[PDB]
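Respectively, the protein sequence lines represent chains C and B. Those letters in the first sequence? Residues 28 to 710, 712 to 753, per the deposited numbering, in order. So the number in the deposited numbering is just where the residue sits in the second sequence, counting from 1, plus 27. Some notes on the structure that comes next.
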Amino acid sequence: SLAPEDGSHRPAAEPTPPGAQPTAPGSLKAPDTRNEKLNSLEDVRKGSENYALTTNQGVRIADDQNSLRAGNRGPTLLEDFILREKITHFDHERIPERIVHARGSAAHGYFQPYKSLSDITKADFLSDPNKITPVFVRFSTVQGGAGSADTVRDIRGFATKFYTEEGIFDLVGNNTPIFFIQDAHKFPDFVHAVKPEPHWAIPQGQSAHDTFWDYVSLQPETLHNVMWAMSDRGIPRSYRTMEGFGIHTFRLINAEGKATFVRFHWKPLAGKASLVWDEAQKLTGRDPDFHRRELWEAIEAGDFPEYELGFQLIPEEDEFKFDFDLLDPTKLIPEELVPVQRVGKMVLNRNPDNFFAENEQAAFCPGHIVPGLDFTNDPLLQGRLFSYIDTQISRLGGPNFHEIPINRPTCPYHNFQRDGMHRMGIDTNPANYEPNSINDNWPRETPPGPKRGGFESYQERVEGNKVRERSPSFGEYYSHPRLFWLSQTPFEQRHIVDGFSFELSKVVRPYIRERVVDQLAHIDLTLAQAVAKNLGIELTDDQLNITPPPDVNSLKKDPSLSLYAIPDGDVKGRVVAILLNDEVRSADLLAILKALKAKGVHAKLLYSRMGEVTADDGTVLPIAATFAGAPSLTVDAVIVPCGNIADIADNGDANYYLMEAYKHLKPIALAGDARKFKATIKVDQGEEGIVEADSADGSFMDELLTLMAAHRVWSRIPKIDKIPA
Amino acid sequence: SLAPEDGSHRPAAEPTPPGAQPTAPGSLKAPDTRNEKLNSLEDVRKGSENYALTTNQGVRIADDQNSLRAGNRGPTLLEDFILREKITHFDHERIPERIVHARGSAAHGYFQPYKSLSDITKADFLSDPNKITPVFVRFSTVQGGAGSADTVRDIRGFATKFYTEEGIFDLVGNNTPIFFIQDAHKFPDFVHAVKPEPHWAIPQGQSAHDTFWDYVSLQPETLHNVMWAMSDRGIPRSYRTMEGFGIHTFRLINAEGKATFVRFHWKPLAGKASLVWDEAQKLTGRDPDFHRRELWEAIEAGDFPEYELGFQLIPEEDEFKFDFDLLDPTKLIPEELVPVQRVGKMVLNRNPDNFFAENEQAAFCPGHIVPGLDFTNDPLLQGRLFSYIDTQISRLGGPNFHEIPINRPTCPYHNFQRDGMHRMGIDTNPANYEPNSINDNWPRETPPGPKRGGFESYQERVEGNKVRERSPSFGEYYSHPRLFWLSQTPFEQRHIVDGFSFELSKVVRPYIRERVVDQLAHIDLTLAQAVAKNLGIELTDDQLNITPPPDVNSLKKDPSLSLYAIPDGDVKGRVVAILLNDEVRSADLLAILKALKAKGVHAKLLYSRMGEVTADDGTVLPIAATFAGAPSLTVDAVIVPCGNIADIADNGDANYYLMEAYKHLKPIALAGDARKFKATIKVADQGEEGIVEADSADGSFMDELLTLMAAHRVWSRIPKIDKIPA
Ligand code: HEM
Ligand code: HEM
């Protein structure tokens with residue numbers, strides 16, 4: 028009898044925009060949204076409604092408020108089995124977090140290819156355009172714990188579990204196309220350096236400390252993935268607005284046994300967008316769950332995250348054609364030399380029911396491949412194949428982690444494997460070995476073949492001695508950092524300079540700072556000088572004379588490496604803050620919202636207090652948040668309609684919201700008297717990125733939506749140093 | 028060699044101010060700080076200098092950069108035993124974090140009593156003023172994960188491990204004197220409610236979501252601890268600047284067998300200080316490891332955290348002489364009815380060497396008591412006794428967690444317990460059971476005695492029927508929250524109203540907000556009216572007519588419940604930001620620093636870039652951090668000296684630096700042309716209380732600034748920050 032009579036506790040099982048309703052588990056939120064993986068999970072879902080509360084043994088509980096005691100004011104009794112089971116289960120809730128990418132957010136989806144790829148690979152999931160494969164995707168950061176913030180400067184993980192007809196395929200990618208290290212053997216050294224320092228366990232979610240920059244300074248192979256990290260790539264606006272990459276070269280194998288080299292790409296259909304550092308660092312304070320929240324809400328809204336799977340393809344005879352080793356994971360393949368051809372579409376359309384059961388327990392391993400794919404001798408990748416199965420024995424508590432429901436294949440699985448902790452499968456097979464006659468040798472081996480064949484490795488030639496030795500072909504470190512750098516817009520280049528500058532400023536030992544700078548002189552002198560000047564370091568004459576590295580196969584730049592050089596903006600799923608007053612002009616707010624709804628743009632209505640305001644025309648407006656409660660940090664744009672502006676004109680928080688939005692390069696739109704706010708951000713004829721008009725004209729809504737399509741107002745950067753926000 | 032020639036890589040083994048040197052494991056940083064427990068760990072401490080790099084089996088590694096592979100562009104081989112060992116170890120580094128109080132920072136220290144307490148207890152470690160007991164202290168939040176932020180709004184844990192001669196005593200406490208719930212049976216319900224919500228695991232380190240307040244609204248026993256939480260107690264300035272409480276009534280037992288009732292207190296020598304919320308929420312962004320870092324750095328500097336252990340003592344016959352029940356842990360004992368007798372002093376004086384080894388693996392339990400102490404029937408505490416041992420099994424991977432070194436007793440430990448995962452002790456006893464004749468029954472039972480006796484429970488009379496039932500004497504929920512609210516300052520009350528309003532602001536279902544407000548009308552109408560207004564709620568005529576709850580044993584208020592009502596200010600260990608310019612007035616700096624050193628106040632010098640600047644008298648000043656890099660959030664005060672003020676006058680980061688500190692009520696001092704900054708903070712020519720100003724910083728200027736800091740924050744300023752866009 029505790030629920031409200033108006034039924035305001037329950038959300039609607041309808042797509043609703045962010046903040047409209049309580050968020051719910053996905054099967055309640057969207058019961059009609061289905062795929063084969065999600066239908067297969069019905070057998071393990073527990074309901075709640077109209078159920079007696081029980082122990083795990085099915086015994087109904089009379090009193091869930093009290094321990095059993097020898098009297099009212101008595102001591103608690105050992106015999107209280109209901110108390111102890113409840114506490115015992117609570118005391119054992121936690122399991123070890125992932126050693127890396129502990130922080131992650133996940134959703135169910137489906138994948139479909141555009142056309143049969145059966146010419147280049149015999150993988151069943153790429154075999155036909157009508158073949159629809161369920162996926163589960165987890166996006167993550169890298170350094171921080173499960174309880175760390177989302178919008179840190181870090182790499183992001185992009186791992187995809189394809190539940191195919193011929194097995195699970197895990198594509199375990201990152202949001203940059205390279206990694207920091209060449210050889211798996213040094214993964215703990217590099218991960219120990221970026222991680223919090225072992226004496227005092229500081230700092231969390233930050234590469235900005237001494238041990239990371241010490242390692243980078245002594246291992247220049249790192250410098251290419253560090254540039255990406257120090258770029259706006261390091262702080263994305265959303266998981267929906269970043270690129271995914273496989274990073275390693277892998278193989279495709281077709282029915283003839285012909286092997287094609289591949290690199291995997293995810294391209295975001297919503298386009299690439301990133302935060303700026305001041306905004307990102309502050310947002311870890313205002314909303315540490317910002318990416319996790321944004322993603323759940325985009326999906327509850329129907330703003331389904333969409334990505335296009337892309338292949339970079341290289342014939343086997345083309346292995347040595349480039350200036351870099353294809354097996355080197357610190358080098359990218361420029362899109363200018365090898366294009367991405369579109370392979371398929373992935374759509375994330377449903378949230379999970381239980382984060383711990385589905386996200387936290389989900390296990391990806393890049394070793395999970397299917398017939399039609401295969402590895403290469405990329406010596407980072409070779410090392411990963413051992414690690415992902417080893418870690419699950421402790422993290423998921425045994426070798427039966429595949430029987431945990433999220434991890435189960437939809438396709439059939441039968442073998443002679445037996446027992447292990449938390450064994451779920453009860454095998455009826457008389458034989459637990461092959462060859463056997465007592466079960467006629469079932470289940471049986473399948474020979475390799477074009478469809479439904481057994482897995483067989485590509486018969487790659489191996490010649491050479493047993494050595495622990497780095498290929499000399501890997502021993503070039505500066506030319507790809509340089510290609511990346513020259514491919515960036517000038518405003519991206521300052522953001523990179525500022526990232527290096529900020530992080531190095533945090534480094535306590537100055538010699539570590541000086542060595543990182545000396546490494547930068549080897550990539551480009553302009554970038555190297557701009558950092559030295561922010562650190563009060565002066566380049567020597569030797570440093571000034573360092574010859575630039577070769578370009579990569581004759582390229583001066585590649586613009587596919589920039590987030591913004593070629594615009595790809597889509598406003599659908601973006602959010603505007605609307606700053607109300609106590610007597611809002613109804614005409615302005617009516618026009619504003621119908622323009623946003625038309626382009627799938629969301630709004631939140633903000634005031635100095637919660638509850639309701641009334642517009643000039645009597646309309647009751649409910650309030651989503653306070654100006655302090657949902658700061659500018661959390662929106663793409665700000666719109667102030669006309670009304671009793673006097674009401675908010677001297678409001679400290681209302682003026683700061685405009686200044687915070689303005690400093691962070693966001694579009695700002697002012698109608699009527701709202702223009703008087705132009706004084707707080709020191710703007712009168714007006715400027716690019718401030719939309720102003722007598723009323724929210726509809727041309728006014730067109731100017732604002734056009735700016736939102738370009739994501740930020742880069743022209744504004746020269747003005748923001750003056751503004752104290 | 029990879030190290031610099033100059034030796035700038037190694038910190039000095041002598042105390043230094045924060046930022047002066049790189050931080051170090053405590054045994055490198057302070058090798059001559061010792062106690063019996065730090066000396067006991069010497070057997071497991073592992074050096075690194077001048078040693079061969081080896082496998083765990085002690086095989087020397089020749090090449091630590093490469094997998095073994097067939098050809099230098101070849102596949103990795105299974106037979107590489109060195110790579111697999113390194114990867115495996117890495118692949119298995121994490122253990123589960125604690126279910127609650129996962130986020131924490133800890134340190135070694137000692138405890139000494141002021142005088143022999145054998146009159147009221149036979150606890151050996153309280154027996155003698157010369158008895159020095161080593162400790163390990165862990166401070167924590169409650170809700171957040173091990174990787175969540177320090178300065179969130181939350182309860183803080185204050186756990187103390189005493190290594191006594193008669194066994195380990197863990198006093199496991201929180202920074203408020205009550206808890207949210209009465210019976211341990213509902214702990215999982217309350218924790219599930221305050222924790223991130225199960226569908227999407229949002230939000231981290233916050234109680235500002237629907238399920239916590241849904242529970243608060245439907246369970247009014249919660250309201251007293253919610254009041255402390257919504258107050259500035261929820262956002263302390265430092266672990267050094269908060270109080271500690273055991274919460275439960277415990278028993279002291281003396282040699283004669285007399286039981287005395289006790290509640291435990293930790294009184295901070297550095298005094299009580301707290302953040303403001305806007306400042307604290309932002310610090311979780313700018314520096315989420317702020318409490319952890321400050322603790323480590325205070326100790327590296329020599330500003331030791333110090334606390335006074337205090338007892339509230341109730342003789343057994345007074346058990347019913349309060350109009351609240353002593354065994355209810357949502358109820359507090361007012362220091363006005365029962366004063367805290369300061370009984371001893373604890374000092375935290377050494378950082379650990381390895382955070383995982385000592386902090387993360389440290390296990391505390393309220394069941395770990397020693398002869399001279401006993402329990403009560405407090406039903407929250409009764410439940411705790413089961414849980415602390417139970418999680419330790421999964422979290423530290425078996426029943427041998429006491430053999431993890433930081434957990435080990437310094438006193439002798441011998442029993443018939445055998446085996447278990449990772450058993451370290453090799454037992455030579457021919458017997459693994461008693462009674463035995465084969466070892467002559469060693470080891471042996473000890474009869475209870477005044478000193479070095481066996482533990483025997485206090486023979487408390489039990490009369491009742493087996494019931495799952497809540498004492499009706501527990502069912503009064505508003506009178507302690509009222510006593511707390513009346514005991515606060517007007518600015519403290521404003522901050523509580525703001526705490527409730529901001530958090531209920533983030534509650535999505537308005538009926539939950541209406542419901543929490545209805546509860547506040549049962550506590551106090553003024554507080555209920557101010558929260559409803561901030562939420563656009565109108566109290567009904569009914570809500571307006573709700574009778575206030577009665578006084579607690581007729582106290583009108585208790586100023587011990589307030590952080591600021593009585594000044595306890597100590598500025599030793601605080602920090603000042605000094606905002607530099609490219610030609611600083613040396614006269615201003617020379618006075619600013621001389622006065623801070625004298626009071627033990629730290630300074631970090633700040634500029635628009637790193638490196639150095641030169642003073643007008645030719646002094647080279649090293650820059651500690653940028654304005655952006657060390658925001659106002661991280662300092663107690665800001666002083667701006669004279670020099671070339673034009674250099675930073677148009678600097679947005681520098682103006683905003685002063686605007687943030689002003690909004691957060693911090694003291695600001697401006698000398699000479701620095702006064703030109705008064706305009707950014709909208710201070711008039713006439714000046715205002717809380718802005719120190721003079722044409723040079725001569726003596727009166729610093730005495731004015733340091734006086735403001737003793738008062739911690741400028742409360743008079745709260746009406747003037749409405750009109751600052753910061
Ligand atoms: C290009 C290089 C790498 C990429 C792109 C990569 C990618 C990822 C991703 C996306 C995850 C998170 C999966 C999830 O969300 O659950 C992850 C986790 C992990 N990675 Fe990597 N990784 C790389 C290199 C390595 C290496 C060299 C090692 C060790 C040899 C390693 C060991 C692990 C482990 C232990 C986890 C946690 C495993 C688990 O509990 O499931 N990774 N990696
Ligand atoms: C007044 C009430 C309570 C206080 C003051 C309190 C205090 C604490 C503190 C300070 C810690 C952290 C210890 C550390 O740093 O290692 C802790 C941990 C814990 N508490 Fe509580 N607690 C209370 C109630 C409860 C209750 C009722 C339960 C369970 C029924 C409980 C279960 C736990 C558990 C399981 C841990 C984790 C311990 C570990 O993993 O080592 N607590 N508590």
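Cβ coordinates follow ideal geometry from the N, Cα and C atoms, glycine included.
*What do you get for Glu-483/C, buried or exposed, if any count of 16 or more other CB atoms within 10 angstroms of its CB means buried?*
exposed
*Got a sec: is the Cβ-Cβ distance from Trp-240/B to anything in chain C below 8 Å?*
no
_For a test of your reading of the model: does the CB of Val-199/C fall under 7 Å from any non-hydrogen atom of ligand 1? Yes or no._
yes
*List the endpoints of the continuous alpha helix (DSSP H) containing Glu-541/B.*
537-550
*CB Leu-562/C to CB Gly-638/B, shorter than 8 Å?*
yes
*Give me the Cβ distance between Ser-532/C and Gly-656/B, rounded to the nearest whole Å; I'm assuming they're in contact under 8 Å.*
5 Å
*Provide the residue(s) that pair with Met-373/C in DSSP beta bridges, ordered along the chain.*
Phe-138/C, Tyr-334/C
*Cα-Cα separation between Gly-371/C and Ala-47/C, rounded to whole angstroms*: 33 Å
*Report buried or exposed for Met-257/C, applying the criterion of at least 16 other Cβ atoms within 10 angstroms of its Cβ.*
buried
*From the DSSP output, which residues share a beta bridge with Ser-132/C?*
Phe-166/C
*Using the rule of at least 16 other Cβ atoms within 10 Å of the residue's Cβ for burial, across every protein chain shown, is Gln-713/B buried or exposed?*
exposed
*Where do the N-terminal and C-terminal ends of the alpha helix (DSSP H) with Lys-56/C fall, by residue?*
Taken as a continuous stretch (DSSP letters only), the alpha helix (DSSP H) holding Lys-56/C covers 53-56.
_Would the segment 175-193 of chain C count as touching the segment 293-309 of chain C if we require 3 or more Cβ pairs under 8 Å?_
yes
*heavy atom of ligand 2 below 7 Å from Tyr-415/B C-beta*: Under cutoff, so the answer is yes.
*Is any heavy atom in ligand 1 found nearer than 7 Å to the beta carbon of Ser-154/C?*
no
*Hey, would you say the C-beta of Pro-356/C is under 7 Å away from at least one heavy atom of ligand 1?*
Correct: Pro-356/C has its Cβ closer than 7 Å to ligand 1.
*Which of helix, strand or coil does DSSP assign to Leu-582/C?*
strand
_Own chain residues within Cβ distance below 8 Å of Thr-653/C, not counting five before or after_ = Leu-633, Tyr-634, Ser-635, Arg-636, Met-637, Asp-680
*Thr-249/B vs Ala-300/B beta-carbon contact at 8 Å*: no
*asked:* Pairs of beta-carbons, one from the segment 533-541 of chain B and one from the segment 601-621 of chain B, closer than 8 Å: are there three or more?
replied: no
*Reducing DSSP to helix, strand and coil, say where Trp-742/B ends up.*
Helix at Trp-742/B.
*asked:* Let's see if you can read the secondary structure: which residues bound the beta strand (DSSP E) around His-629/B?
replied: 629-634
_Could you give the first and the last residue of the continuous alpha helix (DSSP H) run that contains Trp-240/C?_
237-245
*Answer yes or no: the CB of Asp-118/C versus the heavy atoms of ligand 2, is any distance below 7 Å?*
yes
*If you follow the beta strand (DSSP E) that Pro-295/C is part of, which residue opens it and which one closes it?*
Element bounds for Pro-295/C: 286-295.
*Rounded to a whole number of angstroms, what is the C-alpha to C-alpha distance between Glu-487/C and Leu-364/C?*
25 Å
*Using a beta-carbon distance below 8 Å, is residue 791/B in contact with chain C?*
Residue 791/B lies beyond the stretch modelled for chain B, which goes from 28 to 753, so this question has no answer here.
*Buried or exposed: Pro-594/B, going by 16 or more other Cβ atoms within 10 Å of its Cβ?*
exposed
*asked:* Alpha carbons only, please: which of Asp-216/C, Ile-159/C, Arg-183/C, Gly-172/C is nearest the one belonging to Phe-189/C?
replied: The shortest C-alpha separation from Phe-189/C is found at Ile-159/C.
*What residues are listed by DSSP as bridge partners for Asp-401/C?*
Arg-278/C
*Three-way DSSP call (helix, strand, coil) for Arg-87/C in this model*: strand
*Pull up the CB-CB distance for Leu-423/B and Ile-195/B, whole angstroms please, since I reckon it's below 8 Å.*
That pair is no contact at about 15 Å.
*Could you tell me the distance, in whole angstroms, from the CA atom of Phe-347/B to the CA atom of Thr-203/B?*
23 Å
*Three-state secondary structure assigned by DSSP to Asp-33/B*: coil
*asked:* Closer than 8 Å is the cut-off here; do at least three beta carbon pairs connect the segment 258-267 of chain C with the segment 209-226 of chain C?
replied: no
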